[PDB]
Structures are given as structure tokens and as C-alpha cells.
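One chain comes next, on its own, written as C-alpha cells: the form deposited in one PDB entry.
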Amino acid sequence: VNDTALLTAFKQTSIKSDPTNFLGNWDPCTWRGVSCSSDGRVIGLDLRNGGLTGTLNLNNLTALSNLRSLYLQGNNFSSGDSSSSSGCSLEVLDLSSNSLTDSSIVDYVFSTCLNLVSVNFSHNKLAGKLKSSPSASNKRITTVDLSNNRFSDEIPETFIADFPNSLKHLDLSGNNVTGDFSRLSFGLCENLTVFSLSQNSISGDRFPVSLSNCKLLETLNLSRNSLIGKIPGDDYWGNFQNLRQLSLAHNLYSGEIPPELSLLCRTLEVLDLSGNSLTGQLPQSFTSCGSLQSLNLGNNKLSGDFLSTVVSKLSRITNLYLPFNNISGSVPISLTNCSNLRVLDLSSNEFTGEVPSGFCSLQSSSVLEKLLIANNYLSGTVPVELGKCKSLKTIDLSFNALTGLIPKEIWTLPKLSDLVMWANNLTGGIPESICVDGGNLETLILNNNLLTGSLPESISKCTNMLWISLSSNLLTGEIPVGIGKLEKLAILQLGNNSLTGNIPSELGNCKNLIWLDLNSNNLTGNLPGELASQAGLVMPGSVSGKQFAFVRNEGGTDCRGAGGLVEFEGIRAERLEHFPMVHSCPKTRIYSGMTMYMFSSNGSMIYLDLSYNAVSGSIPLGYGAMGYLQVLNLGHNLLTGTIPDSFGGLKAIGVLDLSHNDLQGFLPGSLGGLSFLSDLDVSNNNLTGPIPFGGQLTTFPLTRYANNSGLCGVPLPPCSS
């Protein structure tokens, strides 16, 4: 079994697709990826990020006697058959991003592969229970990563302790193991510096006593589990005098934050206690955390002036998150003594007074990049001093009591990318100098204000724009044709204003536009067929991964618009349930989550509301080819012609509203082939003929077809009579 004849046996037997042609040209040492040695033997195979699709069995590669490095990460390998039985010389194995399901691969590497130093099985589909530790005859293994798999059920009491004493890095995150944490043995845990059980289902009100034996621990991550009770205090955290990162976030801890946790402050760099039910405040003992950089205490019930009596004295703070707490009063001015502050999040608290801006007038230029104080009760005007924070990229003042104009100094911040200040009483307009003298923005979210004027053609200069929201303002003028230069724009909301003119044809050049809401304006002209000219070509983009809330208007056509999408970073849902904009419709529901595309390529527009305008002409035939379109509201216009038969192509549609127009002709039969059409309304037109018998049409209420010119068939009186 020659080495050159093994790799060829691997290529033919295991790999079933190589569109990169990066496994072609397959002497041993000249083959792509395989790094050889001087004496002609193969020692490593590096095929990372190759887009390879096949079935893997490690015995077919460990048969290579001198193979010590195997990199197969970033591919699409599946689990193979047991096959053959050979020794293993591997010192470094990486199988990070694949589709491996048979966890017997981990049993092999842990039983053989005795010289193994590091192995990464992460991000796969390895299933089953955790059983075997690395062999005791292995004296070298230092780092083992089994994170992000599908391992199930309990963890063996001595699973961690059974590891070789050389272990340094053990990561078990991203599974669904279970068990009382207190009954899990770490053993001697000598040399262990990094350990994570994050994102599992571990329970218990105690830590295992053996955990205290890990004197050299630098990272302890226990987040997103079900640990309960009080955070251990007294003397416990003195056991870990090297700990740089501790996370206990998103468990069920209660009580106050133990002052005794400050025995890590000699070395503690990162802390995450967020997502619990902690009260009181950060104890004064933490003034000694001269090394702390990231302090995350969000989503708890903390209160008091500990922001000034403690946090301001942390000379090296750079990332301070206390959103979703019970902190009242002014934002203390002393917080500016945090010279190195880059990200400050104080959203969803009870802060009053003025927007903090002192950070910008230090004796040194401020490095503050993100300022987030949404869902508070800040009053006054957007202070002009923020213009001196030249490193600002994200300003989130939404859902406050702000008033007055938006100073010119904000639109001139050189690196600004996100301007988020919806849900205030801000007045003024949009300068004609946006994004040209100021930063090229990604989000401009100022809906639910009192802004006046028109949207400048200068918006064409914001080529990076992903999301524009200016709904429910007092805007006027025409929609600028320059919007067409924004080929990364994904969401555009301008509803409930007084816009006039045509819907520009140039909107068709917005390559990534998936969400267009222009309801409740004064728009005229024809429907531009160019709106669908990107159907089947839309690519996703950087608008994914943003917090959003959707307010569904469940009142049919009487209620203006199909609903309301809002950027929802840092805002409690309750603050929205009491926003009178919600009660504008007698029936509402709050969908909530993170923006997520449902396609990888070749998509279409997702949400289209042009209702309540004065648009005339005929529905462009092309509109029906939008396969991912889930909402199409053209109600309350002056549309004429027939409903195109192409609408049988709206596979994804769930809400279709064409009511209150002057449409003629027949309902397309293909409407019955829409398996998700759950909200139809064609009432108040000149429609005639039978109601399609397919799909869900025969069940919609009589209200949805009424005030037409000869519709018949269930739910109406039958056509044959």
C-alpha cells in the first residue's frame, strides 16, 4: 500500500464532487494540499475550504504511515463506513466544518492517535452520548474541540477527569448534554486553562468540588445553561488566580453579585453575567479590576449609581454593556473617566435627563464607536457635542423623549454608519449633504418622528445603505430617482407620509431590495414593471442578523398598511405594545426576532406594500414572478385592467390585498395553487366570474369578495344557479 496509491484511493472512493478542481493533478509530494517531507513520505494533507463533497473514513487516510497533519475543515464530508483497521500517527487533526454524523470517528482518534496534540471536531452533526476520553497512553494531547455538534444526554461523571493530564483546552459548547453540574468530576485538572460548557442543558445549584482544582484556568464559560441559585462567593473565586475570562450568562442565577467575585480582579479581563435575574449592583469591591476590558451585565435587574461609584474607576474598560436593567436617574458624567471606552450600551433602562456626550470632549480624542441608549426617557436635543466623537459608527437614541432638530454635526461624523433614532419627536429635515461630507451610512432609521421636507437626491451617495426607515414622519416631495444607485439597499420604509409623484422606475436597479413599504402617501402614476426586474436574482446581504419587531395589522383592509417592521435593538417588547401606533388597528400581534434571509441566491422581493395611494394603470405582469414574495398589498388605489394570471407564480405569498381598485375580469384560477395564501382581499372592484375552486379561496369570509360585479361560487351563491 504505497502512499501515492492511498491518496488516489481516497480521491476515488471518498470524494464525490470537486467543483474547485483543486484536487486535480493528483509524485505524492506534488499533489495539491499534501505537504510532503524530504525522504518522500506524506506528512500532511491540507484541503481546507475546498468545497469537497464526499464520505470520509479516517482509516483510509491514517493508513499513511507518516501522516501527522490532516486538515479537512470547511468542506462537506459525510460519515463513512468503518472500513479498515490501521494505526494513526496524527498530531494535528481538523474536521471543523463538515457533516460528520458518526461519533465513532472520535472514538478512533481517542483510542489510536496517541501522539495527537490537537483535534477539532467542531461544527459537525456528530450525535450520541459522550463516552470515551482520550487514551491514557496519549501523553501529548492539549486542545480538544467538540463544540457545536449534536451530543445528547448526560456527561460521564469522570469524562473530563479521564482526560490526559496534558489537556489545556477543552470545548464542549453547542450541544445538548444534561446533568447536575455538581456531580461532574474534573479530576486533578492540572494544566487546564480553557474550558467551555456553553449552550447546553446543564443544571444544579452547585459547582463540582473538583472544579476548584483547576488552578491555571484562564477561561471559564458556562453560559446558556440552567444553573440555578446564587453565584458562588466567599472564598471560591480565589482558587482561580489566573482567570482572564468568566461567563455565567443566560443561566437562572439570582440574588446580588458576590463581592467576593472580585478575587479575580488581579487578572479578570472579560466578564459576562448577563441574562440572569441579578439585583442590587456591582459591588464596590470591583474598583480593583484594573485589567477588566469587557463588562456585560445586561438583562438582569440591576439598579443604583454603581456606574459612577464603580464602573468609572475601571481605567481600562472598553466595552460596557448594561442594557435591560433597572438603572434610573441621569447617565453619570463620571463615566467619561473611562478613557478607553469604545462600546457603551445602556438601552432599556430608566435613564432620564440629557443624552450623554462628555466622552467627546476629553483631553484626548475619544475612541467611542457605539453609543446605545434606546428605550429610555432621555430628553432635550441631540447634543451638538457628539460631533466631536469622530470615531462614532453607531448612534442609537431610539424610543426616547428627544425633541428638536438633528444637528448638522451628526450628518458630518466621518465614520458614522448607523443613525438610529426612531420613536422620538425630532423635527427638521434631511440635509442635502448626507454621506458625502459624512460617513457612508448603512442604516438611516428615523421613523415615527416629526421630520419635514423631502428625501434628498443626495441619498444616492449612501452606496453602503442597507436599511432606510422614515415611515410616520411629515415628509413631502417626490421619491428621488437616486435611490436606484443603492444596490445594497434591502429595506425601504416610507409609509404614512405625504410623498407625491411617481414611484420611480429606478427602484428596479436596487439589486438587493427585499422590503418596500410606501403605503399611506399621495403617490400617483403607474406601477413600474421594473420593480420585479430583479426577481430571481436577489442576493442576501449585511442586513441579516439585526434585531427586528413586526406589528401585524390583523384588521384586514380597513387598517392602513399590512403591518409595521421596526429595528428593535435594545428595546423591550412592552415598550412597543403600548406605542399608540400599535393601537391604530384594533387587532395586532408582535412578531419578533433577528432578520434572516430564507434563500442563498436567486431570490426575490419579500414584502411589498403600495396600498393607500392613488396609483393608476394596470398591474405589471412581471409582479407575479416573485417567488419569495410573502406580502403583496396594492389595496386602495386606482388600479385598472385584470389581475395577471402570472400571479399563480407567487408561491410564497401569504397575504394578497388588491381591494379598493377598479380591476376587471376574472380571478385567476392559479390562485388556487398558492398553498400558503391565507389572507386574500379583492373586495370593492369590478371583478366577475367564478371564485377559483383550489387552494383556500372557497373558505375566505364573504367580506373578502364583496362589492364586485358578478362573482359567484362558494362562498358566494353557486354560478350554475
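Note that the rigid core is defined as the largest set of C-alphas that superpose within 1.5 Å between two forms. Start at 1 with the first residue shown and count on from there.
The discussion below concerns the form deposited in another entry, not included here.
Annotation: the position in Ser454, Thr318, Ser584, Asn165 displaced by at least 2 Å at CA between the shown form and the other one, with the core superposed, corresponds to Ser584.
The Cα shift for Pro701 between the shown form and the other one, taken after rigid core superposition, is smaller than 2 angstroms. Superposition of the core reveals a Cα shift of 2 Å or more for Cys36 between the shown form and the other one.
Fitting the two forms on the rigid core leaves the C-alpha of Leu67 displaced by at least 2 angstroms between the shown form and the other one.
Between the C-alpha atoms of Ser132 and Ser83, a gap narrowed by no less than 3 Å is obtained in that other deposited form, as opposed to the form on display.
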